[PDB]
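Each protein sequence line maps, in turn, to chains A and B.
For what it's worth, the UniProt record's numbering labels the leading residue of the first sequence as 3, then goes sequentially.
For what it's worth, the UniProt record's numbering labels the leading residue of the second sequence as 3, then goes sequentially.
2 protein chains.
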Amino acid sequence: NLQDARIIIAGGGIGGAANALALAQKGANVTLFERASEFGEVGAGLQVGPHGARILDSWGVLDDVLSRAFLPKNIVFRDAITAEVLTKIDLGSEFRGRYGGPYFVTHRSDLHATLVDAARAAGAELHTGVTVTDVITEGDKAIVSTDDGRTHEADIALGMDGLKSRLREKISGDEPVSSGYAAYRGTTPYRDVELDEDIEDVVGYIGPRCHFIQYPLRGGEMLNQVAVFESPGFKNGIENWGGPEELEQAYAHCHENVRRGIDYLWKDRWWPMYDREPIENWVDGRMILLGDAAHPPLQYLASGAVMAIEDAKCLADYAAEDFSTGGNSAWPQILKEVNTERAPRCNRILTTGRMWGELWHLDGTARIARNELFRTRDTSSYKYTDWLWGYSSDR
Amino acid sequence: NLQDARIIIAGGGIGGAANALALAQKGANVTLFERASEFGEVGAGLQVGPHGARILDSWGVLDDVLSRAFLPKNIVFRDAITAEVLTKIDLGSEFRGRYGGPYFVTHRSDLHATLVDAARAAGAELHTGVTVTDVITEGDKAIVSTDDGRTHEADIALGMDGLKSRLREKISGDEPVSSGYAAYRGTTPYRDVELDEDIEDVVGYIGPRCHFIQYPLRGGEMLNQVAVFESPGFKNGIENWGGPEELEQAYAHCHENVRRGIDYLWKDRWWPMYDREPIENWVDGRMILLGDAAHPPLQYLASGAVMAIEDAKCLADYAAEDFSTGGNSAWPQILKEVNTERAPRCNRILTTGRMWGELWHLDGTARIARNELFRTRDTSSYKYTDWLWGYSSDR
Ligand SMILES: Cc1cc2nc3c(=O)[nH]c(=O)nc-3n(C[C@H](O)[C@H](O)[C@H](O)COP(=O)(O)OP(=O)(O)OC[C@H]3O[C@@H](n4cnc5c(N)ncnc54)[C@H](O)[C@@H]3O)c2cc1C
Ligand SMILES: Cc1cc2nc3c(=O)[nH]c(=O)nc-3n(C[C@H](O)[C@H](O)[C@H](O)COP(=O)(O)OP(=O)(O)OC[C@H]3O[C@@H](n4cnc5c(N)ncnc54)[C@H](O)[C@@H]3O)c2cc1C
Ligand SMILES: [Cl-]
Ligand SMILES: [Cl-]
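Here it is as structure tokens:
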């Protein structure tokens with residue numbers, strides 16, 4: 003266990019919160035700083051596959067999370083132009099038995115609040131309204147500086163400050179890479195959505211230069227909707243690219259079921275999709291980057307938060323194993339071994355994520371080949387997903 | 003039978019020759035004009051699937067054709083970059099039993115000379131060095147005019163003057179549509195080709211913006227090679243586009259096995275690939291367009307000559323059925339019914355041919371989807387080919 007260990011965490015997103023929980027359950031002294039004045043996430047959906055669900059269960063928060071979540075029966079891919087079913091992934095008992103947990107969807111906000119509360123209950127000291135301005139290593143401590151003039155000593159620091167991380171600059175000067183696709187969200191009361199059929203699945207309509215995703219939340223009361231389209235604005239160098247004026251032209255070619263959905267999206271806010279080129283080294287002395295700071299993906303595999311949750315389990319588990327026997331001295335070896343386990347796993351998600359996305363968005367004859375590939379696959383095979391959903395950091 | 007029928011044929015390619023044979027065996031009086039001073043075809047390979055082979059057998063020339071032909075065991079598709087096998091079509095006894103004949107390859111010249119000789123032996127009067135300058139219909143005859151000042155009377159005329167048909171202009175003012183791909187050919191003595199493995203198959207290497215095809219001829223003594231690549235020259239408006247100066251850059255990205263092959267191609271002559279938009283009506287009075295005059299395809303399905311051979315059987319069969327009972331009067335009804343049978347069949351080849359070609363030439367993620375589609379298909383299924391190889395005009 004981690005009794006005498008002091009850890010500081012810069013950033014209190016899903017990733018920071020999950021690390022505070024995982025370390026604090028091991029007996030670590032955890033201090034986390036979050037810039038915004040409250041802990042909060044977007045009131046829209048996210049997907050958490052069994053690779054996350056397992057981990058949440060091992061912290062004892064899955065039952066609670068599930069009580070406010072939705073359990074879809076399948077992931078259903080449809081053609082965005084014809085609305086025809088291309089294939090299904092069955093999320094039933096075979097699926098759960100193979101991967102050790104359910105595939106679920108919930109409100110990001112509720113998942114987030116659940117992790118913050120349990121991290122608090124486990125002993126983490128969380129601070130809102132505090133910006134980390136610098137981290138350096140000196141001797142065998144991490145020295146962390148905040149925007150209220152104070153400095154702080156810890157055994158290690160976690161840089162969990164997101165896609166636009168400033169702590170990343172200690173390790174790499176790369177910048178976010180635009181995909182040229184923008185995401186819009188919406189949650190609707192379920193009844194109030196004009197639906198031809200009912201939805202108890204995660205449904206992905208995939209089309210030339212767009213996609214459209216739908217799933218129920220909170221026991222089938224609301225329906226989460228997500229639209230992702232290639233921005234003509236981005237190619238012409240617009241700075242605030244992907245605005246709602248592009249929406250109607252982007253989906254004009256698509257099936258009515260897809261076009262109906264555009265109306266329910268929040269138009270006052272959207273998410274341009276950037277990621278970063280994969281990097282191998284995430285450690286600077288006694289600082290490690292985790293979460294989106296280390297490995298921000300495009301969202302086609304629905305796995306970025308999950309990756310940050312894995313980061314949390316791997317770090318907590320590996321430190322608990324080596325700290326008991328090696329003390330504060332052992333911290334850099336711990337970080338290196340976390341880095342080594344986590345880098346290939348996460349970097350394959352970033353790279354494969356890009357290829358998966360391109361596969362969704364193909365046109366012409368390429369679309370016809372892709373449709374046929376999907377329809378005719380062996381649905382009892384798990385070769386396309388074991389690497390994703392069947393990973394574990396356990397050694 | 004066709005005893006009292008007089009038919010004139012403008013053009014003595016594979017298609018004209020095959021029609022002279024088919025009509026003359028029914029007892030028709032056949033006159034064919036060929037522009038060039040000799041009957042002759044390119045001394046390079048072509049492929050004749052069972053949809054052609056059957057028909058050649060029913061004229062009694064298949065045994066003879068096969069005695070100088072090659073019988074491949076499979077059609078093997080490989081990736082042009084890795085040289086990996088993607089899939090095979092088995093050409094064995096199941097294949098032959100289902101489709102009623104062999105898939106074979108031979109020299110175009112030898113197939114051509116075989117059809118000319120049998121058409122002669124069957125009573126067709128063939129004339130070289132004679133250009134048809136016009137065909138009109140007047141009353142119940144076709145009036146055909148030649149470049150030696152003469153005119154000629156017949157019950158019907160066949161416009162079989164090729165891709166660049168001038169007789170087509172009576173029915174349509176459309177022009178050939180460039181694909182932007184050029185084909186090069188080569189026949190090598192088999193031994194003299196540097197081969198890693200031996201080849202007893204039709205092999206197609208398919209790659210981004212190119213392909214490369216190889217098969218043995220004449221009992222495995224020579225190896226036919228064909229290179230097809232997208233011409234940068236064509237996009238920039240070059241008039242004589244697709245020259246051999248493009249070859250090395252076109253295949254630079256491809257596997258060594260593909261690059262080795264470029265060296266054996268004839269460089270003094272190449273074939274820019276044009277086709278035409280499909281048309282429904284091929285008949286002007288007592289003239290019918292057939293062969294490439296009516297339906298010129300891109301060569302990805304290896305079926306243009308075959309289509310002209312089918313044209314021959316269908317016309318001969320349908321006329322033999324209706325002429326015996328209805329005489330010269332019946333000729334326009336005969337042409338219409340030939341047209342109606344043949345148009346959808348051939349026009350699906352032109353359109354699907356284009357899509358098939360695009361499928362060969364895909365790049366990036368589209369290439370990865372296509373490769374995987376090919377590898378994982380059900381090889382006992384015949385759904386991708388029945389429509390092609392299992393067609394018959396018989397009613
Ligand atoms: C449209 C969309 C859909 C998605 N869907 C899914 C999905 O379905 N499933 C899934 O698993 N993932 C999904 N993701 C990815 C997922 O949202 C992210 O990977 C994940 O939230 C990253 O969490 P994080 O804690 O590492 O970073 P963030 O959530 O960005 O949190 C960083 C935090 O640090 C704070 N901060 C920044 N700088 C400082 C500083 N100097 N000091 C203190 N605090 C600071 C920020 O305020 C923020 O709270 C999606 C992403 C998008 C864009
Ligand atoms: C690279 C390549 C590979 C191919 N491979 C294959 C294959 O493997 N299998 C296959 O089945 N098909 C193949 N084809 C297609 C095939 O070659 C043609 O579809 C077929 O030859 C057309 O025959 P045709 O008799 O209709 O026209 P053509 O062969 O063009 O013959 C027309 C004839 O009429 C003559 N002529 C022109 N004008 C006049 C006039 N006014 N009067 C008299 N005569 C005239 C010409 O001299 C010529 O001899 C391929 C084509 C190419 C370009
Ligand atoms: Cl994601
Ligand atoms: Cl052809």
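Idealized CB from N, CA, C, for every residue including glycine.
Boundaries (first-last residue) of the alpha helix (DSSP H) holding residue i
{"i": "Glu-343/A", "result": "333-362"}
{"i": "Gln-301/B", "result": "Taken as a continuous stretch (DSSP letters only), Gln-301/B belongs to no alpha helix (DSSP H), as it is neither H nor E."}
{"i": "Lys-237/B", "result": "234-237"}
{"i": "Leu-58/B", "result": "52-60"}
{"i": "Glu-250/A", "result": "249-252"}
{"i": "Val-67/A", "result": "64-68"}
{"i": "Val-118/B", "result": "110-124"}
{"i": "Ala-371/A", "result": "366-378"}
{"i": "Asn-259/B", "result": "258-264"}
Residue i Cβ short of 7 Å to ligand 4 heavy atom set
{"i": "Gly-47/B", "result": "no"}
{"i": "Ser-394/B", "result": "no"}
Own chain partners of residue i with C-beta closer than 6 Å, once the 5 adjacent residues on each side are dropped
{"i": "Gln-5/B", "result": "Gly-29"}
{"i": "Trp-362/A", "result": "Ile-208 and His-213"}
{"i": "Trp-284/A", "result": "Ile-290, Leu-291, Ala-296 and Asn-341"}
Cβ-Cβ separation, residue j to residue i (assumed contact under 8 Å), whole Å
{"i": "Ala-19/A", "j": "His-114/A", "result": "6 Å"}
{"i": "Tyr-186/A", "j": "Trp-243/A", "result": "About 13 Å separates the two Cβ atoms, so there is no contact after all."}
{"i": "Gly-366/B", "j": "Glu-279/A", "result": "With 8 Å as the limit, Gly-366/B and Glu-279/A do not qualify as a contact, their Cβ atoms being about 18 Å apart."}
{"i": "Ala-144/B", "j": "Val-137/B", "result": "6 Å"}
{"i": "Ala-38/B", "j": "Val-32/B", "result": "Contact flag wrong, Cβ pair sits at about 19 Å."}
{"i": "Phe-236/A", "j": "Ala-7/A", "result": "The pair is not a contact, with the Cβ atoms about 45 Å apart (cut-off 8 Å)."}
Boundaries of the beta strand (DSSP E) in which residue i is found, first to last residue
{"i": "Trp-273/B", "result": "273-277"}
{"i": "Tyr-320/A", "result": "Looking at the DSSP string, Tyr-320/A is not in any beta strand (DSSP E); the run it does join, the alpha helix (DSSP H), is 306-328."}
{"i": "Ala-156/B", "result": "153-156"}
{"i": "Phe-79/A", "result": "76-81"}
{"i": "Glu-177/A", "result": "That residue, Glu-177/A, is in no beta strand (DSSP E); it is neither H nor E in DSSP."}
{"i": "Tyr-217/B", "result": "212-219"}
Contact set between residue i and chain A, taken where Cβ atoms lie within less than 9 Å
{"i": "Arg-377/B", "result": "None at all; the shortest Cβ gap to chain A is about 10 Å."}
Check: residue i C-beta below 7 Å from any heavy atom of ligand 1
{"i": "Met-357/B", "result": "no"}
{"i": "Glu-96/A", "result": "no"}
{"i": "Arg-170/A", "result": "no"}
{"i": "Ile-16/A", "result": "yes"}
{"i": "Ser-305/A", "result": "yes"}
{"i": "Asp-150/A", "result": "no"}
{"i": "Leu-73/B", "result": "no"}
{"i": "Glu-36/A", "result": "yes"}
{"i": "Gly-141/A", "result": "no"}
{"i": "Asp-163/A", "result": "yes"}
{"i": "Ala-310/A", "result": "yes"}
Where residue i meets chain A, residues with beta-carbon distance less than 8 Å
{"i": "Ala-371/B", "result": "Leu-361, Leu-364, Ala-368, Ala-371, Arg-372 and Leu-375"}
Contact list for residue i against chain B, beta-carbon separation under 8 Å
{"i": "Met-357/A", "result": "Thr-367 and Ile-370"}
Cβ shell of residue i (< 7 Å), same chain only, five flanking positions each side left out
{"i": "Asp-66/B", "result": "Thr-116"}
Cβ-heavy atom distance, residue i to ligand 2, below 7 Å
{"i": "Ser-180/A", "result": "no"}
{"i": "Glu-247/B", "result": "no"}
{"i": "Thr-133/B", "result": "yes"}
{"i": "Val-67/B", "result": "no"}
{"i": "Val-50/B", "result": "yes"}
Proximity test, residue i beta-carbon vs ligand 3 heavy atom, cut-off 7 Å
{"i": "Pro-299/A", "result": "yes"}
{"i": "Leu-292/A", "result": "no"}
Own chain partners of residue i with C-beta closer than 8 Å, once the 5 adjacent residues on each side are dropped
{"i": "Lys-75/A", "result": "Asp-92, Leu-93, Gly-94, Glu-202 and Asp-203"}
{"i": "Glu-199/B", "result": "none"}
{"i": "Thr-153/A", "result": "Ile-145, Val-146 and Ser-147"}
{"i": "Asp-380/B", "result": "none"}
{"i": "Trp-273/A", "result": "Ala-184, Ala-185, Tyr-186 and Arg-187"}
{"i": "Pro-334/A", "result": "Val-285, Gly-287 and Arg-288"}
Cβ-heavy atom distance, residue i to ligand 6, below 7 Å
{"i": "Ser-233/A", "result": "Looking at this structure, you won't find ligand 6 anywhere; what it does contain is ligand 1, ligand 2, ligand 3 and ligand 4."}
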